[PDB]
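Structure below is protein-v6.pdb: PDB, C-alpha atoms (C1' of nucleotides).
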```
ATOM      1  CA  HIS G  53      68.681   1.873 -44.013  1.00  0.00           C
ATOM      2  CA  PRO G  54      72.420   2.294 -43.126  1.00  0.00           C
ATOM      3  CA  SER G  55      73.582   0.959 -46.529  1.00  0.00           C
ATOM      4  CA  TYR G  56      70.449   1.334 -48.746  1.00  0.00           C
ATOM      5  CA  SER G  57      68.934   4.687 -47.654  1.00  0.00           C
ATOM      6  CA  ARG G  58      66.825   6.203 -50.458  1.00  0.00           C
ATOM      7  CA  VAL G  59      63.508   7.871 -51.324  1.00  0.00           C
ATOM      8  CA  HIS G  60      61.552   6.985 -54.491  1.00  0.00           C
ATOM      9  CA  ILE G  61      58.182   5.845 -55.872  1.00  0.00           C
ATOM     10  CA  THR G  62      58.279   2.007 -55.941  1.00  0.00           C
ATOM     11  CA  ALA G  63      56.320  -0.591 -57.949  1.00  0.00           C
ATOM     12  CA  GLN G  64      57.656  -3.400 -55.701  1.00  0.00           C
ATOM     13  CA  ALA G  65      55.293  -5.426 -53.495  1.00  0.00           C
ATOM     14  CA  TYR G  66      56.283  -5.471 -49.793  1.00  0.00           C
ATOM     15  CA  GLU G  67      55.125  -7.871 -47.056  1.00  0.00           C
ATOM     16  CA  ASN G  68      53.862  -5.986 -43.975  1.00  0.00           C
ATOM     17  CA  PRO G  69      54.241  -7.380 -40.415  1.00  0.00           C
ATOM     18  CA  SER G  70      51.102  -8.730 -38.701  1.00  0.00           C
ATOM     19  CA  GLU G  71      51.572  -6.041 -36.005  1.00  0.00           C
ATOM     20  CA  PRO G  72      52.598  -2.526 -37.208  1.00  0.00           C
ATOM     21  CA  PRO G  73      55.672  -1.023 -35.430  1.00  0.00           C
ATOM     22  CA  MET G  74      55.274   1.894 -32.993  1.00  0.00           C
ATOM     23  CA  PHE G  75      56.759   4.489 -35.386  1.00  0.00           C
ATOM     24  CA  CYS G  76      54.322   3.363 -38.138  1.00  0.00           C
ATOM     25  CA  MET G  77      51.359   3.714 -35.737  1.00  0.00           C
ATOM     26  CA  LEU G  78      52.640   7.174 -34.688  1.00  0.00           C
ATOM     27  CA  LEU G  79      52.872   8.291 -38.351  1.00  0.00           C
ATOM     28  CA  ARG G  80      49.352   6.880 -38.920  1.00  0.00           C
ATOM     29  CA  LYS G  81      48.027   8.850 -35.904  1.00  0.00           C
ATOM     30  CA  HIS G  82      49.499  12.184 -37.122  1.00  0.00           C
ATOM     31  CA  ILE G  83      49.632  12.141 -40.966  1.00  0.00           C
ATOM     32  CA  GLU G  84      47.524   9.235 -42.401  1.00  0.00           C
ATOM     33  CA  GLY G  85      44.576  10.808 -44.271  1.00  0.00           C
ATOM     34  CA  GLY G  86      46.589  14.057 -44.714  1.00  0.00           C
ATOM     35  CA  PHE G  87      47.685  15.877 -47.897  1.00  0.00           C
ATOM     36  CA  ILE G  88      51.263  16.487 -49.114  1.00  0.00           C
ATOM     37  CA  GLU G  89      51.307  20.275 -49.665  1.00  0.00           C
ATOM     38  CA  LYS G  90      54.984  20.544 -50.695  1.00  0.00           C
ATOM     39  CA  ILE G  91      58.212  18.532 -50.948  1.00  0.00           C
ATOM     40  CA  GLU G  92      61.448  20.553 -50.609  1.00  0.00           C
ATOM     41  CA  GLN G  93      65.185  19.899 -50.181  1.00  0.00           C
ATOM     42  CA  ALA G  94      67.128  21.493 -47.297  1.00  0.00           C
ATOM     43  CA  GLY G  95      69.589  23.495 -49.421  1.00  0.00           C
ATOM     44  CA  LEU G  96      71.550  20.899 -51.419  1.00  0.00           C
ATOM     45  CA  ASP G  97      71.942  18.535 -48.425  1.00  0.00           C
ATOM     46  CA  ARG G  98      70.498  15.000 -48.701  1.00  0.00           C
ATOM     47  CA  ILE G  99      67.426  15.983 -46.636  1.00  0.00           C
ATOM     48  CA  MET G 100      63.887  15.992 -48.071  1.00  0.00           C
ATOM     49  CA  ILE G 101      61.137  17.823 -46.135  1.00  0.00           C
ATOM     50  CA  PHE G 102      57.517  16.742 -46.754  1.00  0.00           C
ATOM     51  CA  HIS G 103      54.997  19.389 -45.654  1.00  0.00           C
ATOM     52  CA  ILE G 104      51.855  17.398 -44.731  1.00  0.00           C
TER      53      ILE G 104
ATOM     54  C1'   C P   1      33.661  26.510   5.295  1.00  0.00           C
ATOM     55  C1'   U P   2      31.563  30.630   2.248  1.00  0.00           C
ATOM     56  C1'   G P   3      28.025  32.178  -1.156  1.00  0.00           C
ATOM     57  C1'   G P   4      23.628  30.987  -4.157  1.00  0.00           C
ATOM     58  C1'   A P   5      19.535  30.524  -9.330  1.00  0.00           C
ATOM     59  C1'   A P   6      15.933  27.484 -10.717  1.00  0.00           C
ATOM     60  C1'   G P   7      13.769  22.579  -9.149  1.00  0.00           C
ATOM     61  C1'   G P   8      12.604  19.110  -4.871  1.00  0.00           C
ATOM     62  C1'   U P   9      11.714  18.337   0.476  1.00  0.00           C
ATOM     63  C1'   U P  10      10.398  19.922   5.385  1.00  0.00           C
ATOM     64  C1'   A P  11       7.689  22.077  12.011  1.00  0.00           C
ATOM     65  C1'   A P  12       4.626  24.532  15.148  1.00  0.00           C
ATOM     66  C1'   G P  13       1.056  27.708  13.904  1.00  0.00           C
ATOM     67  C1'   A P  14      -2.839  29.110  10.419  1.00  0.00           C
ATOM     68  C1'   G P  15      -6.943  26.871   7.692  1.00  0.00           C
ATOM     69  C1'   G P  16     -11.644  23.483   8.012  1.00  0.00           C
ATOM     70  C1'   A P  17     -13.375  20.222   2.821  1.00  0.00           C
ATOM     71  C1'   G P  18     -15.142  15.985   4.959  1.00  0.00           C
ATOM     72  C1'   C P  19     -16.110  11.962   8.552  1.00  0.00           C
ATOM     73  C1'   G P  20     -17.455   9.547  13.379  1.00  0.00           C
ATOM     74  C1'   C P  21     -20.362   9.572  18.272  1.00  0.00           C
ATOM     75  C1'   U P  22     -24.582  11.672  20.490  1.00  0.00           C
ATOM     76  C1'   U P  23     -30.271  12.808  19.359  1.00  0.00           C
ATOM     77  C1'   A P  24     -35.111  16.780  18.750  1.00  0.00           C
ATOM     78  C1'   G P  25     -37.743  14.808  15.086  1.00  0.00           C
ATOM     79  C1'   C P  26     -39.231  10.756  11.931  1.00  0.00           C
ATOM     80  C1'   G P  27     -40.307   5.879  11.083  1.00  0.00           C
ATOM     81  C1'   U P  28     -44.721  -0.957  12.038  1.00  0.00           C
ATOM     82  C1'   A P  29     -39.530  -2.340  12.644  1.00  0.00           C
ATOM     83  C1'   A P  30     -34.722  -2.211  10.365  1.00  0.00           C
ATOM     84  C1'   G P  31     -33.061   2.393   9.606  1.00  0.00           C
ATOM     85  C1'   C P  32     -32.918   7.781   8.319  1.00  0.00           C
ATOM     86  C1'   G P  33     -31.781  12.158  11.010  1.00  0.00           C
ATOM     87  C1'   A P  34     -31.935  18.978  12.044  1.00  0.00           C
ATOM     88  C1'   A P  35     -29.472  22.024  15.595  1.00  0.00           C
ATOM     89  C1'   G P  36     -25.957  21.985  19.390  1.00  0.00           C
ATOM     90  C1'   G P  37     -22.053  19.567  21.929  1.00  0.00           C
ATOM     91  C1'   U P  38     -17.991  16.431  21.217  1.00  0.00           C
ATOM     92  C1'   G P  39     -13.996  13.465  18.832  1.00  0.00           C
ATOM     93  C1'   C P  40     -10.848  13.120  14.762  1.00  0.00           C
ATOM     94  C1'   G P  41      -9.536  15.700  10.521  1.00  0.00           C
ATOM     95  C1'   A P  42      -7.893  16.441   3.893  1.00  0.00           C
ATOM     96  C1'   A P  43      -6.541  20.282   0.252  1.00  0.00           C
ATOM     97  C1'   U P  44      -4.232  24.978   0.889  1.00  0.00           C
ATOM     98  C1'   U P  45      -0.371  27.981   3.691  1.00  0.00           C
ATOM     99  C1'   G P  46       4.195  27.573   6.448  1.00  0.00           C
ATOM    100  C1'   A P  47      11.372  29.553   8.037  1.00  0.00           C
ATOM    101  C1'   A P  48      16.031  28.103   8.666  1.00  0.00           C
ATOM    102  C1'   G P  49      17.982  23.520   7.290  1.00  0.00           C
ATOM    103  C1'   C P  50      18.709  19.611   3.747  1.00  0.00           C
ATOM    104  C1'   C P  51      18.954  17.810  -1.479  1.00  0.00           C
ATOM    105  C1'   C P  52      20.864  20.883  -5.414  1.00  0.00           C
ATOM    106  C1'   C P  53      24.440  24.714  -7.733  1.00  0.00           C
ATOM    107  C1'   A P  54      29.214  27.783  -7.472  1.00  0.00           C
ATOM    108  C1'   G P  55      33.808  28.818  -5.034  1.00  0.00           C
ATOM    109  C1'   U P  56      37.547  27.595  -1.626  1.00  0.00           C
ATOM    110  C1'   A P  57      43.428  23.133  -0.025  1.00  0.00           C
ATOM    111  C1'   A P  58      49.381  27.624   4.699  1.00  0.00           C
ATOM    112  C1'   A P  59      40.596  24.134   5.038  1.00  0.00           C
ATOM    113  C1'   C P  60      39.626  18.389   6.487  1.00  0.00           C
ATOM    114  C1'   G P  61      42.060  15.534   2.979  1.00  0.00           C
ATOM    115  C1'   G P  62      44.092  12.963  -1.440  1.00  0.00           C
ATOM    116  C1'   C P  63      48.341  12.810  -4.831  1.00  0.00           C
ATOM    117  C1'   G P  64      47.014   5.290  -9.371  1.00  0.00           C
ATOM    118  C1'   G P  65      47.113   0.347 -11.996  1.00  0.00           C
ATOM    119  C1'   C P  66      48.390  -2.852 -16.171  1.00  0.00           C
ATOM    120  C1'   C P  67      50.843  -3.712 -20.900  1.00  0.00           C
ATOM    121  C1'   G P  68      54.537  -2.561 -24.934  1.00  0.00           C
ATOM    122  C1'   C P  69      58.334   7.395 -24.212  1.00  0.00           C
ATOM    123  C1'   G P  70      53.549   5.086 -26.444  1.00  0.00           C
ATOM    124  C1'   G P  71      49.097   2.416 -25.533  1.00  0.00           C
ATOM    125  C1'   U P  72      45.081   1.120 -22.314  1.00  0.00           C
TER     126        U P  72
END
```
Could you quickly redo this structure as structure tokens?
Amino acid sequence: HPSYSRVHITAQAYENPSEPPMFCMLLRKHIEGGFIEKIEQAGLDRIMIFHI
RNA sequence: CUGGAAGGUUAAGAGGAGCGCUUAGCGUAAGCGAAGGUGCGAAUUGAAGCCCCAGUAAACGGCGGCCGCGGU
């Protein structure tokens, strides 16, 4: 989000759309079912890299 | 078009298992019936080709829809 960009584990409940967006379906196609091998930061920039 | 393995299909010719007609004989008749002649004739065998398989587009040819780069 332009103003509220963040990454964290959340307890909050979220309402999902009745139809999943294209990006969501793409992520599902490629990485749903997969395992997170590593999470790393690109130097000390605000960029997290998930190896899946 | 070129090449080709299995499997399938296919001519004449080859081959005659059988069958019909005829009748010496045999039978009171009805009918049976050798041999010969004669008229058909099944299995089996039978190439290329074709089906089939592979390649080949400066061979003949052909080079999409629909929906939201993705889906179908």
- [ ] Determine the residue set returned by the PyMOL selection byres ((chain G) within 10 of (chain P)) for the present structure, and present it as number ranges by chain.
- [x] G: 74-75, 77-78
- [ ] Evaluate the PyMOL selection byres ((chain P and resi 50-59) around 8) and record the selected residues as a VMD selection string, following the chain and residue labels used in the document.
- [x] chain P and resid 1 to 5 8 to 9 49 60
Open item on the list: Could you tell me how far atom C1' of residue 42 of chain P sits from atom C1' of residue 17 of chain P, in Å to one decimal place?
Closed with: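 It comes out at 6.7 Å.
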Open item on the list: As a check of understanding, name the residues that the PyMOL selection byres ((chain G and resi 90) around 7) selects in the supplied structure, as number ranges by chain.
Closed with: G: 88-89, 91-92, 102-103
Grab the residues selected above and save them as a PDB file, in the frame of the given file with C-alpha atoms.
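Final output, again_11.pdb:
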```
ATOM      1  CA  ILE G  88      51.263  16.487 -49.114  1.00  0.00           C
ATOM      2  CA  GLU G  89      51.307  20.275 -49.665  1.00  0.00           C
ATOM      3  CA  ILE G  91      58.212  18.532 -50.948  1.00  0.00           C
ATOM      4  CA  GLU G  92      61.448  20.553 -50.609  1.00  0.00           C
ATOM      5  CA  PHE G 102      57.517  16.742 -46.754  1.00  0.00           C
ATOM      6  CA  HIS G 103      54.997  19.389 -45.654  1.00  0.00           C
TER       7      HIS G 103
END
```
For segment 11-33 of chain P in the structure I just supplied, write out N, CA, C and O atoms (P, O5', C5', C4', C3', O3' and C1' of nucleotides) - as a PDB file, in the first residue's frame.
```
ATOM      1  P     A P  11      -7.633 -62.036 -54.610  1.00  0.00           P
ATOM      2  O5'   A P  11      -7.174 -61.615 -56.077  1.00  0.00           O
ATOM      3  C5'   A P  11      -8.126 -60.996 -56.954  1.00  0.00           C
ATOM      4  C4'   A P  11      -7.590 -61.046 -58.358  1.00  0.00           C
ATOM      5  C3'   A P  11      -7.259 -62.429 -58.918  1.00  0.00           C
ATOM      6  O3'   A P  11      -8.421 -63.042 -59.455  1.00  0.00           O
ATOM      7  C1'   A P  11      -5.500 -60.914 -59.381  1.00  0.00           C
ATOM      8  P     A P  12      -8.528 -64.634 -59.659  1.00  0.00           P
ATOM      9  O5'   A P  12      -7.567 -64.902 -60.911  1.00  0.00           O
ATOM     10  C5'   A P  12      -7.971 -64.526 -62.261  1.00  0.00           C
ATOM     11  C4'   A P  12      -6.768 -64.609 -63.176  1.00  0.00           C
ATOM     12  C3'   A P  12      -6.111 -65.984 -63.319  1.00  0.00           C
ATOM     13  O3'   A P  12      -6.765 -66.783 -64.300  1.00  0.00           O
ATOM     14  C1'   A P  12      -4.450 -64.356 -62.889  1.00  0.00           C
ATOM     15  P     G P  13      -7.116 -68.334 -64.036  1.00  0.00           P
ATOM     16  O5'   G P  13      -5.688 -69.004 -63.816  1.00  0.00           O
ATOM     17  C5'   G P  13      -4.677 -68.878 -64.835  1.00  0.00           C
ATOM     18  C4'   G P  13      -3.330 -69.184 -64.227  1.00  0.00           C
ATOM     19  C3'   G P  13      -3.237 -70.474 -63.420  1.00  0.00           C
ATOM     20  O3'   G P  13      -3.088 -71.586 -64.277  1.00  0.00           O
ATOM     21  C1'   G P  13      -2.280 -68.733 -62.174  1.00  0.00           C
ATOM     22  P     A P  14      -3.819 -72.962 -63.935  1.00  0.00           P
ATOM     23  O5'   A P  14      -3.108 -73.282 -62.536  1.00  0.00           O
ATOM     24  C5'   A P  14      -1.724 -73.697 -62.554  1.00  0.00           C
ATOM     25  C4'   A P  14      -1.215 -73.883 -61.146  1.00  0.00           C
ATOM     26  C3'   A P  14      -1.854 -74.991 -60.311  1.00  0.00           C
ATOM     27  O3'   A P  14      -1.387 -76.282 -60.708  1.00  0.00           O
ATOM     28  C1'   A P  14      -1.589 -73.055 -58.994  1.00  0.00           C
ATOM     29  P     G P  15      -2.381 -77.547 -60.808  1.00  0.00           P
ATOM     30  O5'   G P  15      -2.936 -77.579 -59.308  1.00  0.00           O
ATOM     31  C5'   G P  15      -2.012 -77.848 -58.216  1.00  0.00           C
ATOM     32  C4'   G P  15      -2.754 -77.820 -56.900  1.00  0.00           C
ATOM     33  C3'   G P  15      -3.991 -78.713 -56.831  1.00  0.00           C
ATOM     34  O3'   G P  15      -3.559 -80.000 -56.418  1.00  0.00           O
ATOM     35  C1'   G P  15      -4.517 -76.523 -56.045  1.00  0.00           C
ATOM     36  P     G P  16      -4.272 -81.336 -56.940  1.00  0.00           P
ATOM     37  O5'   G P  16      -5.412 -81.316 -55.826  1.00  0.00           O
ATOM     38  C5'   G P  16      -6.485 -82.260 -55.931  1.00  0.00           C
ATOM     39  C4'   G P  16      -7.673 -81.762 -55.151  1.00  0.00           C
ATOM     40  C3'   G P  16      -8.996 -82.441 -55.518  1.00  0.00           C
ATOM     41  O3'   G P  16      -9.734 -82.815 -54.362  1.00  0.00           O
ATOM     42  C1'   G P  16      -9.109 -80.072 -55.958  1.00  0.00           C
ATOM     43  P     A P  17     -10.027 -84.363 -54.036  1.00  0.00           P
ATOM     44  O5'   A P  17     -10.687 -84.243 -52.586  1.00  0.00           O
ATOM     45  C5'   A P  17      -9.873 -83.786 -51.468  1.00  0.00           C
ATOM     46  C4'   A P  17     -10.745 -83.098 -50.443  1.00  0.00           C
ATOM     47  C3'   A P  17     -12.225 -83.486 -50.425  1.00  0.00           C
ATOM     48  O3'   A P  17     -12.396 -84.653 -49.634  1.00  0.00           O
ATOM     49  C1'   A P  17     -12.009 -81.121 -50.384  1.00  0.00           C
ATOM     50  P     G P  18     -13.573 -85.699 -49.940  1.00  0.00           P
ATOM     51  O5'   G P  18     -14.830 -84.711 -49.823  1.00  0.00           O
ATOM     52  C5'   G P  18     -15.817 -84.691 -50.881  1.00  0.00           C
ATOM     53  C4'   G P  18     -16.739 -83.514 -50.690  1.00  0.00           C
ATOM     54  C3'   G P  18     -17.992 -83.520 -51.568  1.00  0.00           C
ATOM     55  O3'   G P  18     -19.057 -84.192 -50.903  1.00  0.00           O
ATOM     56  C1'   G P  18     -16.817 -81.516 -51.924  1.00  0.00           C
ATOM     57  P     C P  19     -20.032 -85.207 -51.685  1.00  0.00           P
ATOM     58  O5'   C P  19     -20.822 -84.181 -52.623  1.00  0.00           O
ATOM     59  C5'   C P  19     -21.736 -83.237 -52.007  1.00  0.00           C
ATOM     60  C4'   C P  19     -22.220 -82.247 -53.041  1.00  0.00           C
ATOM     61  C3'   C P  19     -22.876 -82.830 -54.298  1.00  0.00           C
ATOM     62  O3'   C P  19     -24.198 -83.283 -54.042  1.00  0.00           O
ATOM     63  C1'   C P  19     -21.388 -81.121 -54.920  1.00  0.00           C
ATOM     64  P     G P  20     -24.854 -84.474 -54.901  1.00  0.00           P
ATOM     65  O5'   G P  20     -25.125 -83.710 -56.277  1.00  0.00           O
ATOM     66  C5'   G P  20     -26.145 -82.684 -56.298  1.00  0.00           C
ATOM     67  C4'   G P  20     -26.168 -82.013 -57.649  1.00  0.00           C
ATOM     68  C3'   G P  20     -26.507 -82.890 -58.853  1.00  0.00           C
ATOM     69  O3'   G P  20     -27.898 -83.174 -58.914  1.00  0.00           O
ATOM     70  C1'   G P  20     -24.703 -81.465 -59.375  1.00  0.00           C
ATOM     71  P     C P  21     -28.436 -84.593 -59.440  1.00  0.00           P
ATOM     72  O5'   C P  21     -28.057 -84.508 -60.988  1.00  0.00           O
ATOM     73  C5'   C P  21     -28.752 -83.549 -61.832  1.00  0.00           C
ATOM     74  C4'   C P  21     -28.230 -83.650 -63.244  1.00  0.00           C
ATOM     75  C3'   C P  21     -28.207 -85.057 -63.855  1.00  0.00           C
ATOM     76  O3'   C P  21     -29.494 -85.468 -64.325  1.00  0.00           O
ATOM     77  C1'   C P  21     -26.150 -83.982 -64.270  1.00  0.00           C
ATOM     78  P     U P  22     -30.016 -86.989 -64.185  1.00  0.00           P
ATOM     79  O5'   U P  22     -29.106 -87.818 -65.212  1.00  0.00           O
ATOM     80  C5'   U P  22     -29.083 -87.427 -66.607  1.00  0.00           C
ATOM     81  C4'   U P  22     -27.895 -88.051 -67.299  1.00  0.00           C
ATOM     82  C3'   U P  22     -27.745 -89.566 -67.161  1.00  0.00           C
ATOM     83  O3'   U P  22     -28.584 -90.194 -68.129  1.00  0.00           O
ATOM     84  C1'   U P  22     -25.645 -88.485 -66.839  1.00  0.00           C
ATOM     85  P     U P  23     -29.553 -91.420 -67.752  1.00  0.00           P
ATOM     86  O5'   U P  23     -28.427 -92.530 -67.540  1.00  0.00           O
ATOM     87  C5'   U P  23     -27.582 -92.895 -68.661  1.00  0.00           C
ATOM     88  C4'   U P  23     -26.570 -93.909 -68.208  1.00  0.00           C
ATOM     89  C3'   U P  23     -27.154 -95.270 -67.796  1.00  0.00           C
ATOM     90  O3'   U P  23     -26.281 -96.326 -68.166  1.00  0.00           O
ATOM     91  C1'   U P  23     -26.027 -94.321 -65.980  1.00  0.00           C
ATOM     92  P     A P  24     -26.357 -96.991 -69.626  1.00  0.00           P
ATOM     93  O5'   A P  24     -25.601 -98.372 -69.348  1.00  0.00           O
ATOM     94  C5'   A P  24     -26.117 -99.293 -68.336  1.00  0.00           C
ATOM     95  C4'   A P  24     -24.982-100.166 -67.867  1.00  0.00           C
ATOM     96  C3'   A P  24     -25.331-101.309 -66.915  1.00  0.00           C
ATOM     97  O3'   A P  24     -25.772-102.461 -67.616  1.00  0.00           O
ATOM     98  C1'   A P  24     -23.544-100.101 -66.028  1.00  0.00           C
ATOM     99  P     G P  25     -27.095-103.244 -67.160  1.00  0.00           P
ATOM    100  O5'   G P  25     -26.837-103.436 -65.593  1.00  0.00           O
ATOM    101  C5'   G P  25     -25.762-104.305 -65.151  1.00  0.00           C
ATOM    102  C4'   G P  25     -25.474-104.054 -63.688  1.00  0.00           C
ATOM    103  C3'   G P  25     -26.600-104.381 -62.702  1.00  0.00           C
ATOM    104  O3'   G P  25     -26.712-105.780 -62.442  1.00  0.00           O
ATOM    105  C1'   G P  25     -25.676-102.285 -62.166  1.00  0.00           C
ATOM    106  P     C P  26     -28.138-106.478 -62.164  1.00  0.00           P
ATOM    107  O5'   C P  26     -28.621-105.631 -60.899  1.00  0.00           O
ATOM    108  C5'   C P  26     -27.940-105.811 -59.634  1.00  0.00           C
ATOM    109  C4'   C P  26     -28.529-104.873 -58.610  1.00  0.00           C
ATOM    110  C3'   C P  26     -30.002-105.100 -58.273  1.00  0.00           C
ATOM    111  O3'   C P  26     -30.117-106.196 -57.367  1.00  0.00           O
ATOM    112  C1'   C P  26     -29.529-102.766 -58.490  1.00  0.00           C
ATOM    113  P     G P  27     -31.409-107.155 -57.346  1.00  0.00           P
ATOM    114  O5'   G P  27     -32.379-106.207 -56.500  1.00  0.00           O
ATOM    115  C5'   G P  27     -33.721-105.948 -56.971  1.00  0.00           C
ATOM    116  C4'   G P  27     -34.251-104.729 -56.260  1.00  0.00           C
ATOM    117  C3'   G P  27     -35.716-104.367 -56.529  1.00  0.00           C
ATOM    118  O3'   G P  27     -36.613-105.002 -55.615  1.00  0.00           O
ATOM    119  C1'   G P  27     -34.353-102.490 -56.971  1.00  0.00           C
ATOM    120  P     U P  28     -37.519-106.276 -56.019  1.00  0.00           P
ATOM    121  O5'   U P  28     -38.132-105.940 -57.463  1.00  0.00           O
ATOM    122  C5'   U P  28     -38.783-104.660 -57.681  1.00  0.00           C
ATOM    123  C4'   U P  28     -40.183-104.882 -58.198  1.00  0.00           C
ATOM    124  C3'   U P  28     -40.920-103.614 -58.656  1.00  0.00           C
ATOM    125  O3'   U P  28     -40.841-103.444 -60.072  1.00  0.00           O
ATOM    126  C1'   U P  28     -42.224-104.768 -57.014  1.00  0.00           C
ATOM    127  P     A P  29     -39.740-102.502 -60.777  1.00  0.00           P
ATOM    128  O5'   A P  29     -39.619-101.264 -59.762  1.00  0.00           O
ATOM    129  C5'   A P  29     -39.963 -99.907 -60.190  1.00  0.00           C
ATOM    130  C4'   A P  29     -41.196 -99.433 -59.455  1.00  0.00           C
ATOM    131  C3'   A P  29     -41.206 -97.970 -59.019  1.00  0.00           C
ATOM    132  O3'   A P  29     -41.490 -97.081 -60.090  1.00  0.00           O
ATOM    133  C1'   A P  29     -42.148 -99.371 -57.326  1.00  0.00           C
ATOM    134  P     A P  30     -40.876 -95.595 -60.114  1.00  0.00           P
ATOM    135  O5'   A P  30     -41.293 -95.032 -58.674  1.00  0.00           O
ATOM    136  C5'   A P  30     -40.885 -93.681 -58.301  1.00  0.00           C
ATOM    137  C4'   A P  30     -40.928 -93.511 -56.795  1.00  0.00           C
ATOM    138  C3'   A P  30     -39.641 -93.005 -56.133  1.00  0.00           C
ATOM    139  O3'   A P  30     -39.534 -91.586 -56.168  1.00  0.00           O
ATOM    140  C1'   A P  30     -40.362 -94.927 -55.007  1.00  0.00           C
ATOM    141  P     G P  31     -38.340 -90.857 -56.960  1.00  0.00           P
ATOM    142  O5'   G P  31     -37.048 -91.572 -56.335  1.00  0.00           O
ATOM    143  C5'   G P  31     -36.641 -91.248 -54.975  1.00  0.00           C
ATOM    144  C4'   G P  31     -35.914 -92.423 -54.353  1.00  0.00           C
ATOM    145  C3'   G P  31     -34.411 -92.527 -54.625  1.00  0.00           C
ATOM    146  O3'   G P  31     -33.651 -91.641 -53.808  1.00  0.00           O
ATOM    147  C1'   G P  31     -35.418 -94.657 -54.886  1.00  0.00           C
ATOM    148  P     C P  32     -32.189 -91.128 -54.250  1.00  0.00           P
ATOM    149  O5'   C P  32     -31.313 -92.464 -54.116  1.00  0.00           O
ATOM    150  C5'   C P  32     -30.963 -92.957 -52.788  1.00  0.00           C
ATOM    151  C4'   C P  32     -30.226 -94.272 -52.908  1.00  0.00           C
ATOM    152  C3'   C P  32     -28.859 -94.223 -53.594  1.00  0.00           C
ATOM    153  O3'   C P  32     -27.831 -93.761 -52.726  1.00  0.00           O
ATOM    154  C1'   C P  32     -30.089 -96.090 -54.381  1.00  0.00           C
ATOM    155  P     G P  33     -26.584 -92.918 -53.292  1.00  0.00           P
ATOM    156  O5'   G P  33     -26.102 -93.830 -54.519  1.00  0.00           O
ATOM    157  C5'   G P  33     -25.306 -95.018 -54.256  1.00  0.00           C
ATOM    158  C4'   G P  33     -24.957 -95.716 -55.556  1.00  0.00           C
ATOM    159  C3'   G P  33     -24.190 -94.901 -56.596  1.00  0.00           C
ATOM    160  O3'   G P  33     -22.806 -94.880 -56.276  1.00  0.00           O
ATOM    161  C1'   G P  33     -25.966 -96.063 -57.650  1.00  0.00           C
TER     162        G P  33
END
```
